[PDB]
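Side chains included, hydrogens not; waters and symmetry mates left out as well; all remaining heavy atoms used. Along the sequence shown, the residues carry numbers beginning at 1. As the structure lists them, so they are numbered: ligands from 1, and atoms in each ligand from 1.
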Amino acid sequence: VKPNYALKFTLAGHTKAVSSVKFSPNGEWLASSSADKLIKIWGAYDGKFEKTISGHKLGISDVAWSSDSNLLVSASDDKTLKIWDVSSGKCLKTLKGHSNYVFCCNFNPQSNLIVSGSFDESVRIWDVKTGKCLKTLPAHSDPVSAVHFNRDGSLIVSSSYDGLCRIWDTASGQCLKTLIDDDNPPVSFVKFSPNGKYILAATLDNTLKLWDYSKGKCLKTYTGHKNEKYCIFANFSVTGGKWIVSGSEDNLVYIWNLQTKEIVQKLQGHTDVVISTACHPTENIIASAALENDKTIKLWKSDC
Ligand SMILES: CN1CCN(c2ccc(-c3cnc4ccccc4c3)cc2NC(=O)c2c[nH]c(=O)cc2C(F)(F)F)CC1
Ligand SMILES: [Cl-]
């Protein structure tokens, strides 16, 4: 009925705000990105520092893993994405085309494509092998905060400060759906559920919503956290009980019961805004990352 996440490790090494944490799909690693221009890799289960990957000329907003856990893509204020071979540390490609800061990135499940979102208000779809931009979608009328492929990679969901969530046909680039409820505050985060049936979206009015995107309807609302300024990443936790996990501008990690919308746990320990959370793919493990006054990542574990 409630999880019991408790602090296991604190991962220190970044010298500026940590922007994003992601578990590799094989569960072995955690990748982090930071305003210090670095990506760091850490052991998912022991928190042990593994390696630093360098190359971007300015801060990094996001990182994401290929399905086989061998590659990473990073999104940077230097207006590029980079594709990295994690084992070698090599920069395989630099993806150039956005006209301003790149805020978000994801591989498709096949991992032959990358999707990015930018301050330039576009969503771009890239070929992984060539590094070429395949499509530029004039997706929004304000900065794009998140981009995510669905389960089979046929759809992309995007969120923007224009107050909309939009769903795109990956093959054609056509907009298939615009989601909007009874108001349009900036949408700061969106992703598909693991089964691809729902979309979780955050807005800068301290709210998370669960949407049925086939039906175009909001099913659940989660509140009690603080989120009016930063684009804070949230997740579905599915390995034990079914939770919603998010960071918060009061420095806590919030966990909600997905069905009942009740807050079930608030994880204390960070000293600044928790801007990113991630949920381990097979174990009940959460990673959280915090901003400039904290500079650390924390790994929490629960029995359920
Ligand atoms: C995993 N998340 C991290 C936050 N993302 C993001 C999203 C949006 C913006 C942003 C930034 N500026 C904006 C100005 C006007 C209107 C909208 C704006 C939106 C800016 C960001 N990125 C940052 O806040 C950021 C950028 N560059 C960094 O070096 C470090 C960070 C961060 F604060 F650590 F996360 C998305 C991915
Ligand atoms: Cl190193």
Side-chain angles (χ1 to χ4, degrees), residues 11 13-23 29-43 49-56 58-65 72-82 84 86-90 98 100-106 115-123 139-148 157-164 185-191 201-204 227-235 245-247 249 270 272-278 287-297:
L11 288 43
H14 286 296
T15 60
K16 302 187 69 46
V18 184
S19 58
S20 194
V21 286
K22 299 290 178 65
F23 288 99
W29 306 108
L30 185 76
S32 63
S33 56
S34 167
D36 71 10
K37 315 175 186 185
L38 304 176
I39 294 155
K40 284 173 185 295
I41 311 293
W42 322 75
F49 177 71
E50 182 66 2
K51 71 200 292 180
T52 296
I53 294 172
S54 325
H56 278 295
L58 294 172
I60 304 171
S61 187
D62 198 13
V63 80
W65 294 88
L72 288 162
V73 60
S74 58
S76 174
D77 295 333
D78 71 13
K79 309 186 183 148
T80 74
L81 304 105
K82 288 172 177 289
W84 309 93
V86 173
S87 180
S88 64
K90 293 178 178 172
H98 281 298
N100 217 331
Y101 321 112
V102 190
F103 294 145
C104 49
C105 57
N106 257 312
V115 64
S116 58
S118 170
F119 185 92
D120 74 13
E121 312 181 356
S122 75
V123 167
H140 289 283
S141 56
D142 279 301
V144 181
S145 56
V147 288
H148 193 228
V157 63
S158 62
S159 52
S160 168
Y161 274 61
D162 68 10
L164 310 175
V187 188
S188 50
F189 162 85
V190 72
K191 83 187 291 181
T203 39
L204 291 188
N227 188 198
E228 310 195 330
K229 182 162 171 173
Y230 292 99
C231 287
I232 299 186
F233 207 93
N235 301 274
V245 178
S246 183
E249 292 156 4
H270 284 287
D272 204 351
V273 175
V274 178
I275 196 156
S276 177
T277 59
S288 52
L291 296 185
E292 193 70 30
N293 299 336
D294 177 315
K295 301 186 187 186
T296 70
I297 296 150

>> Between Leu81 and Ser76, does the side-chain contact (heavy atoms from CB on, under 4.5 Å) criterion hold? Intermediate values first, please.
In response: CA-CA 6 Å; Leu81 304 105; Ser76 174; over 6 Å; no
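No salt bridge links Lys295 with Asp272; every basic N to acidic carboxylate O contact stays at or beyond 4.0 Å. One finds no salt bridge joining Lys229 and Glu249 here, because no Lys/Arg side-chain nitrogen approaches an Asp/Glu carboxylate oxygen to under 4.0 Å.
For ligand 1, the protein residues within 4.0 angstrom (heavy atoms only) are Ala17, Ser19, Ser20, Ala35, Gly59, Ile60, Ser61, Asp62, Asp77, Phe103, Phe119, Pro143, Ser145, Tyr161, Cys231, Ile275, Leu291.
In this structure, the side-chain contact (heavy atoms from CB on, under 4.5 Å) partners of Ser19, at least two apart in sequence or on a different chain, are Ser33. Taking the side chain to side chain donor-acceptor pair (under 3.5 Å) definition, one finds that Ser288 meets it with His270, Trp300, sequence neighbours left out. Remark: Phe119 engages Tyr101 in a ring pair (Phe, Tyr, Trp, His ring centres under 6.0 Å) (not counting sequence neighbours).
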